[PDB]
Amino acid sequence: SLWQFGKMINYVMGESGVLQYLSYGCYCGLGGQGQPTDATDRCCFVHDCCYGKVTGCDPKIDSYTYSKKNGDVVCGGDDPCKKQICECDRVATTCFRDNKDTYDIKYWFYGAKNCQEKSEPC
């Protein structure tokens, strides 16, 4: 669920994590349109394409199973649909950490009026 994705972002990125990633560029948030702005916005484009392959369960409200091992997050459980949602969430938090050196404040709370070009294929 989105409550679990928020707890995962603060463990990997620090105390101000959720406020820094809730709205950035043309793709960071639920849904999106147009073309990506930089490397950080591209991590969120891949996350939307991953949620689109899920059939039978809901990514906003359904709960999955996970554990923490000395800094490393690992997915578990026995339902195939719920485990698929946990893997989409784990891969995006590692992409945010690898690209921290190019994050730019001119793109935080950007707007939809600047995302009006022909949309990029998955």
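Numbers for residues come from their place in the sequence shown, where the first is 1.
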On average, are the C-alpha B-factors higher in 43-51 or in 66-74? 66-74
Read off the CA B-factors in the entry, average them over 53-61 and over 87-95, and name the higher stretch. 53-61
Based on the entry's values, in what third of the chain does the Cα temperature factor of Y110 lie: lowest, middle or highest? highest
Chain-relative CA temperature factor third for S1: lowest
